[PDB]
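One structure is given below, encoded as structure tokens.
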Amino acid sequence: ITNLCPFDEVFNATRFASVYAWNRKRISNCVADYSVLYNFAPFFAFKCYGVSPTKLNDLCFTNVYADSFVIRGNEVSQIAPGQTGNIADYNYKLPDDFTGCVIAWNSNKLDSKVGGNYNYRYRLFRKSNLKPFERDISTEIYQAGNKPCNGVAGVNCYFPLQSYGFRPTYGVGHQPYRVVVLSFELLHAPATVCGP
Amino acid sequence: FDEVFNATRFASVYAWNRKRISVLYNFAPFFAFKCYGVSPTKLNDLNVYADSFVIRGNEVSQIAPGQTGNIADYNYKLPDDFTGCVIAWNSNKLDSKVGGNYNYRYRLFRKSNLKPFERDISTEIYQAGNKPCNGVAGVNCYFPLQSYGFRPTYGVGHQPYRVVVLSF
Amino acid sequence: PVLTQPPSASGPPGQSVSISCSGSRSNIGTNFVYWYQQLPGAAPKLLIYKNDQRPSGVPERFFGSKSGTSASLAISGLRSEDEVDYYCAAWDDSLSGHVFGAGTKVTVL
Amino acid sequence: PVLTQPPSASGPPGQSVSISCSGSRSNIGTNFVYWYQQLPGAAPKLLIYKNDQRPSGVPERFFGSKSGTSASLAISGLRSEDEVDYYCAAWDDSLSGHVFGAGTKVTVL
Amino acid sequence: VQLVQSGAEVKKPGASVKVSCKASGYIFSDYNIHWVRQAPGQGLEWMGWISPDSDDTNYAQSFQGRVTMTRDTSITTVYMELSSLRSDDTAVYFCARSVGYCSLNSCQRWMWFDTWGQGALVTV
Amino acid sequence: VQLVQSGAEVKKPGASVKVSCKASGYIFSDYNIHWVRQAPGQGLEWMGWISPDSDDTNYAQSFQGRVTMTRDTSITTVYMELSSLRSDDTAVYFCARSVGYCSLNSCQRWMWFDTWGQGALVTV
Ligand SMILES: *[C@@H]1O[C@H](CO)[C@@H](O)[C@H](O)[C@H]1NC(C)=O
Ligand SMILES: *[C@@H]1O[C@H](CO)[C@@H](O)[C@H](O)[C@H]1NC(C)=O
Numbered sequence: 001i002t003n004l005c006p007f008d009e010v011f012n013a014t015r016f017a018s019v020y021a022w023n024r025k026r027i028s029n030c031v032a033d034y035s036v037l038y039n040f041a042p043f044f045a046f047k048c049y050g051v052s053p054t055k056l057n058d059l060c061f062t063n064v065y066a067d068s069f070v071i072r073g074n075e076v077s078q079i080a081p082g083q084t085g086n087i088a089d090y091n092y093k094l095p096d097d098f099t100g101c102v103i104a105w106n107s108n109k110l111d112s113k114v115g116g117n118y119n120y121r122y123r124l125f126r127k128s129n130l131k132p133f134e135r136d137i138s139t140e141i142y143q144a145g146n147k148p149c150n151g152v153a154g155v156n157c158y159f160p161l162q163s164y165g166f167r168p169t170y171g172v173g174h175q176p177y178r179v180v181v182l183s184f185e186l187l188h189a190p191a192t193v194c195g196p
Numbered sequence: 001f002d003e004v005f006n007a008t009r010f011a012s013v014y015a016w017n018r019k020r021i022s023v024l025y026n027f028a029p030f031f032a033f034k035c036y037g038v039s040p041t042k043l044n045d046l047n048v049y050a051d052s053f054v055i056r057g058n059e060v061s062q063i064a065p066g067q068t069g070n071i072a073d074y075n076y077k078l079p080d081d082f083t084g085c086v087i088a089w090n091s092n093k094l095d096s097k098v099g100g101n102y103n104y105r106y107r108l109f110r111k112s113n114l115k116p117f118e119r120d121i122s123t124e125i126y127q128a129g130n131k132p133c134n135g136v137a138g139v140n141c142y143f144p145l146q147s148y149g150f151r152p153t154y155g156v157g158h159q160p161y162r163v164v165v166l167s168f
Numbered sequence: 001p002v003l004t005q006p007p008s009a010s011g012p013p014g015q016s017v018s019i020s021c022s023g024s025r026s027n028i029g030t031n032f033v034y035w036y037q038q039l040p041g042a043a044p045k046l047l048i049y050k051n052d053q054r055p056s057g058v059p060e061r062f063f064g065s066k067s068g069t070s071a072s073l074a075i076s077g078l079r080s081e082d083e084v085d086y087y088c089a090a091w092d093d094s095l096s097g098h099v100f101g102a103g104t105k106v107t108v109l
Numbered sequence: 001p002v003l004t005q006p007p008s009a010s011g012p013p014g015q016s017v018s019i020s021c022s023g024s025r026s027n028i029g030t031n032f033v034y035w036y037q038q039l040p041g042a043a044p045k046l047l048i049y050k051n052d053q054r055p056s057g058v059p060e061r062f063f064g065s066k067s068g069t070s071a072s073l074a075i076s077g078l079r080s081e082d083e084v085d086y087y088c089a090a091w092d093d094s095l096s097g098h099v100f101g102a103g104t105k106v107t108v109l
Numbered sequence: 001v002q003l004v005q006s007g008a009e010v011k012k013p014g015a016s017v018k019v020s021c022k023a024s025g026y027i028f029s030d031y032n033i034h035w036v037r038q039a040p041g042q043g044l045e046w047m048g049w050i051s052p053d054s055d056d057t058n059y060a061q062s063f064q065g066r067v068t069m070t071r072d073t074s075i076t077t078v079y080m081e082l083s084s085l086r087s088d089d090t091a092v093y094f095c096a097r098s099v100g101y102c103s104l105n106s107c108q109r110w111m112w113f114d115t116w117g118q119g120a121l122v123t124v
Numbered sequence: 001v002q003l004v005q006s007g008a009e010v011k012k013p014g015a016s017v018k019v020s021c022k023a024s025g026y027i028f029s030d031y032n033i034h035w036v037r038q039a040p041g042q043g044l045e046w047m048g049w050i051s052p053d054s055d056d057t058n059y060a061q062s063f064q065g066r067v068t069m070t071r072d073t074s075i076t077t078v079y080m081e082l083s084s085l086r087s088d089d090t091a092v093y094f095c096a097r098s099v100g101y102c103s104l105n106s107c108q109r110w111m112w113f114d115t116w117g118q119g120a121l122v123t124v
């Protein structure tokens, strides 16, 4: 690869995956710049842990991982190392040790259909907490009482996935914020993704 | 020595006192008394600058000739050649209190590493992007100063250790 | 060099309305802004501190944030508790003193 | 699967008549159900959405809920405007389509 | 809202017919359009939906080689074609505006229709 | 934690105001006590804090030499006075405890008034 890494494909994609099935895209064997990502909208939260967002170009890595999903305004701060929340515990567990960046910005112009955009969901109820950097898809009912409900939408037994549409009449707290997570790791292999 | 050691008020990290110039063992037991060049035992048988500030207990080991870290490469960098002593002692019933102590700040972000024996009392907002942040410390633009409050609940590696570097 | 904000913003019950607060260089965007909710005939208390935390006991529906030299707090649902005064508090470096907003009243529609 | 429901409703006018809509576990019990009525030579119109709500405009005299695999609809009184066929619909993952009921023709006595 | 679709003409089997749905009074690019037919002796039968912002559509497991569904932006009308029609396709055709916006097969559980339209007779 | 202010009392123009508030239930020496006033119908205004382990009473520029501020740690209360009160100063006065403790000028960005005592209004 002699041209730039396809961060335009992961940032300017026409659709984003939902929270409960967040994408895991791998960038490898590509010369990276990290110089074109400020051309987008002013970010709501552009925060990096471990590596400061100034020495990205001259620091050399071996693999880049990109996570991509869309979350409400009230839960942007939940995506953080050592945080407790509805997405922080049940949908996306960021580990306490985290070397990378989290980028959350506003997309209330093409990612919110008037009257409801039910295309995005999250998982409300789970049997336990979630291991860090893990995802799962559930299509069966979750029970909470002392009876196995086993597939009837009744009492004390509920569907796990809950949708949340984005009408434009909503305020800042319930707009769809697109958030990506750029993750790096230690040098255990010869470096290939590196600055020019 | 009585003016700089028992002083009621110790300055913060980035703007440290420089006091120009008894016995020193009549205080609390020392976390680290490691003189370089001159030896502590032959010191009493033997221009003195007395720079004093406060450090979090994790970062006391960063005050040494010729090593990097956090505050070392931004706030107080010792030169490669050193002839002085470093005296770090406990201070937990004076500079720590419930709710936190938001006095003893430290400078966290800087443009580059600083020259040895230099201080810079500034607050202009660091620019961490490409947009020129003239006075707005919003996103990708952060304030330099940051304060670590001291609580008695905190462990041994986070207490405020009053330190003095008696550079000969 | 004092904070300014609209005296009143009207919103229908059931969804969210926003309270805006704009400041200068030395008031907003260099220092943190805090939000105080004042019950009528009582001492005001904390509502929003450091722009992304909340104190304990506050329900998770009060979202305030700042981007440039202005700050905005969004309150969702106005039934019987948000018909109170909201104050925009931040530290002013030039006058070396805390300065406060004019006082915003929120009423249902 | 395919939704099943009785084609005829038996009951004198002036009191409550109950009708049921039965399905399967992959059809009902995981997804919601909705109700429609088809006027003579006209498009179907909404009755119940989210299994227990009524849209704005419809009469408030119609009550329906699901108790398990089947869902029951209760109507109050039989007028001429209530004599149209009533339809039952839901969504099932196993066929990736909107399954619909066969129809219930109601006649006064 | 206003939702009126054009009429249809009785055709002979082994031919293609076009049924057009017209939408007005709302934003055409922020909703879904569903095709549902009424034949005698049976209830409503469901075919598929079109998202009027891209090409992503879905079909039914029964109507796969007989229906093709396309969209338009400047007229804001949805065009649906019936191919290889038989005697079992004698039905009137409803185009229904569905509230909300879904494009996946795990999304349709909240997809309840909002406004329907007057049917057009199609006969073998 | 509780803070109890003094009672309401009317004072004539040209006299002083003796308003005090008592701290109880927490460590007195480890928390700054600010002072916040409120005219009836207007916004809030600031007075200045007390560091209750030394004598450092910073004031605002509008009340630089018009107030007298005193700590009484023997009876765990904090006093203040007003010199030559006018009709513009007819207001209510709160004393508030900020979390943490700092007495420098450039440290108040991490200072918010957590708990507030009851009001005591003074008039002309
Ligand atoms: C995203 O794609 C749109 C449409 O092609 C284009 O107009 C825009 O410049 C792209 N933006 C970025 C950040 O690549
Ligand atoms: C420090 O100063 C205080 C007050 O003057 C005095 O009581 C104390 O003995 C002094 N301690 C030392 C060891 O300097």
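Chains as they are written, first to last, in the working numbering: chain A, 1 to 196; chain B, 1 to 168; chain C, 1 to 109; chain D, 1 to 109; chain E, 1 to 124; chain F, 1 to 124.
The beta-carbon is built from N, C-alpha and C at its ideal position, and this holds for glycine as well.
Contact residues of the segment 42-76 of chain A toward chain C are 42, 73, 74 (C-beta to C-beta distance below 7 Å).
In this structure, residue 92/A keeps its C-beta atom at 8 Å or more from the C-beta atom of residue 152/A.
Residue 9/A: member of the alpha helix (DSSP H) spanning 7-11, first to last residue. Around residue 121/B, the same chain offers 15 as residues with beta carbons nearer than 6 Å, after the five sequence neighbours per side are excluded.
Residue burial annotation: residue 123/A is buried, with at least 16 other C-beta atoms found within 10 angstroms of its C-beta. Taking 8 Å as the cut-off, the Cβ atoms of residue 71/A and residue 181/A do not count as close.
Under a 10 Å Cβ-count criterion, residue 148/B is classified as buried, with 16 or more other Cβ atoms of the shown protein chains found around its own Cβ.
Residue 79/E and residue 18/E do touch by the CB rule: their CB atoms are close to 6 Å apart, below 8 Å.
For residue 57/A, the CB stays at least 7 Å from every heavy atom of ligand 2. Not one beta carbon of chain A lies nearer than 8 Å to the beta carbon of residue 55/E. A distance below 8 Å between beta-carbons, with the five flanking residues on each side excluded, links residue 83/D to the following residues of its chain, in chain order: 106, 107, 108. Assignment of beta strand (DSSP E) within the segment 18-44 of chain A, counting only whole runs of 3 or more residues, yields 23-27 in chain order. Counting other Cβ atoms within 10 Å of its Cβ, residue 176/A reaches 16 or more and is therefore classed as buried. In chain F, no part has a C-beta under 7 Å from the C-beta of residue 109/C; the shortest such distance is about 24 Å.
Close partners of residue 103/E in chain A (Cβ separation under 9 Å): 15, 119. Counting only the Cα atoms, residue 30/F lies some 27 Å from residue 27/C.
Listed by position along the chain, the residues with Cβ atoms less than 7 Å from a non-hydrogen atom of ligand 1 are 8/A, 11/A, 12/A, 39/A, 40/A.
Going by DSSP, residue 92/D is part of the beta strand (DSSP E) stretching over 85-92. In the displayed model, residue 32/E falls within a strand according to three-state DSSP. Bounds of the beta strand (DSSP E) holding residue 106/B are 105-107. Around residue 53/A, the same chain offers 46, 101 as residues with beta carbons nearer than 8 Å, after the five sequence neighbours per side are excluded. Excluding five sequence positions before and after residue 99/E, the CB atoms of its chain that fall closer than 7 Å to its own CB belong to 112, 114, given in chain order. Scanning chain A for C-beta atoms nearer than 8 Å to the C-beta of residue 71/C yields nothing, as the closest lies near 11 Å away. The segment 1-8 of chain C and the segment 122-132 of chain B do not touch, with fewer than three beta-carbon pairs separated by less than 8 Å. Between the segment 60-71 of chain A and the segment 36-43 of chain A, the count of C-beta pairs closer than 8 Å stays below three; the two stretches do not touch. Taking 8 Å as the cut-off, the beta carbon of residue 35/E is found no closer than this to the beta carbon of residue 43/E.
By the rule that beta-carbons nearer than 8 Å mark a contact, residue 116/A touches chain E.
The C-alpha of residue 32/C is placed about 26 Å away from the C-alpha of residue 119/B.
Residues of chain A whose Cβ lies closer than 8 Å to the Cβ of residue 130/B are, in chain order, 38.
When DSSP states are grouped into helix, strand and coil, residue 158/B belongs to the helix group. In this chain, the alpha helix (DSSP H) harbouring residue 86/A covers 86-90. At a cut-off of 8 Å between C-beta atoms, residue 4/D does not count as an interface residue with respect to chain A. For residue 105/A and residue 38/A, the gap between their C-alpha atoms comes out near 11 Å. By the Cβ criterion, the segment 15-23 of chain D is in contact with the segment 63-80 of chain D, since at least three pairs of Cβ atoms, one from each stretch, lie closer than 8 Å. Judged by DSSP in its simplified three-state form, residue 109/F adopts helix. Neighbours of residue 159/A in chain D, taken as residues whose beta carbon is under 9 Å from its own, are 30, 31 in chain order.
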